[PDB]
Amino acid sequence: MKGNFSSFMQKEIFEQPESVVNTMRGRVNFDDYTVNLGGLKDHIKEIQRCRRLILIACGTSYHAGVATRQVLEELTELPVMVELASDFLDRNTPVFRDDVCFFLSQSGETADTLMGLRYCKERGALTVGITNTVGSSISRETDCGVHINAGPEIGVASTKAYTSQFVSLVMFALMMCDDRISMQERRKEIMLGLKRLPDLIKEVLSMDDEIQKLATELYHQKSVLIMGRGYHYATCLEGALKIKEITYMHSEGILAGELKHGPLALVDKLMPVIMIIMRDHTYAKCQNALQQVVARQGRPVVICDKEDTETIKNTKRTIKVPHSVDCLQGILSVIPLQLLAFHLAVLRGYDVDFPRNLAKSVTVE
């Protein structure tokens, strides 16, 4: 059952300390800093010989690709392209024999993702499935893959599977760079982060009541702009998607560096704005975005890290999440957005697990 929770989605959000452990179970060894994804053991040397990584997906799975693009670029040193599967197909995207294509899919049955897989296979690319469903078409038809091991997810709006996909792609990245002397300190930083992550997720979930109060402030609103950049760009997209999915409010993710190029004309004292600002190398530029938003009379809610003394000092509405390594922080920063969507949906009387007009998996067309 959902037993102890009124919805599957809330259960699944609160399961994230355990789902992240489950994803890393048998794969990461924190004593000797090894990571092994057995499903990729054979094919790994081959992947390192490939020239480009292409991540192909729909919906929240696509966001997990956007969330891990930078660390994949960093640690593989390969170009990484992230593609919405329907557009990838419409464009007859060039794929080559020495491309490695990843198919990210909770269900493993999404029609566009599966047809993208078949397209790449026809062109001789090495294909890799990252799914949550053993025995699924995408799991069966790829050359190799990783079962993210998040466990069954029933909520139509995906929560634990997003963060389990995120962790899976980070573990892949860690395997890819494991022969480089120069990257050993970076790998150890990230792995110590992964070790700490479950406890930090518990700490985020403890602010559920604060998020519920923010949802009471927002639930009459018709729009909200969610702004972030760099590692947190995916966080804003996925948070915007979540609020669309189950609340039906018109939430839009805005790349923070593009704010000044159009979206800022929507900012005034009446447009709700959520800004994500983390202490990574984009920090000063995000502070600049915040300053612009405030200068145009917006009253943003800011998601920042607990140790970010200056924005806590100088900003009235902050949702304070624990600090982690730059490339893992989005796992923490998305959770208040998952919870915000949840609580907004509840305030509005809407079904959180089975929203209108949506399906857990779109297997047709």
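Throughout, we count residues from 1 along the sequence that is shown.
Chemist: Would you mind comparing 329-337 and 35-43 for me and telling me which has the higher average C-alpha temperature factor in the entry?
Modeler: Comparing 329-337 with 35-43, the higher mean C-alpha B-factor belongs to 35-43.
Chemist: In the PDB record, does 201-209 or 167-175 carry the higher mean Cα temperature factor?
Modeler: The stretch with the larger average C-alpha B-factor is 201-209.
Chemist: Hey, out of 288, 86, 159, 106, whose CA B-factor is highest in the deposited coordinates?
Modeler: Within the set 288, 86, 159, 106, 288 shows the top C-alpha B-factor.
Chemist: When you compare the CA B-factors of 248, 102, 96, 231 as listed in the entry, which one comes out on top?
Modeler: Checking the PDB record, the top C-alpha B-factor among 248, 102, 96, 231 is at 96.
Chemist: Would you please rank residue 238 by its C-alpha temperature factor against the other modelled residues of its chain and give the third it falls in: lowest, middle or highest?
Modeler: According to the entry, residue 238 has a C-alpha B-factor in the chain's lowest third.
Chemist: Residue 298's Cα B-factor: lowest, middle or highest third of the chain?
Modeler: For residue 298, whose C-alpha B-factor we compare with every modelled residue in the chain, the answer is the highest third.
Chemist: Is the Cα B-factor recorded for residue 321 in the lowest, middle or highest third of its chain?
Modeler: For residue 321, the deposited C-alpha B-factor lands in the middle third.
Chemist: Is the Cα B-factor recorded for residue 281 in the lowest, middle or highest third of its chain?
Modeler: According to the entry, residue 281 has a C-alpha B-factor in the chain's highest third.
Chemist: By the recorded C-alpha temperature factor, relative to the other modelled residues in its chain, which third is residue 57 in?
Modeler: Bottom third by C-alpha B-factor.
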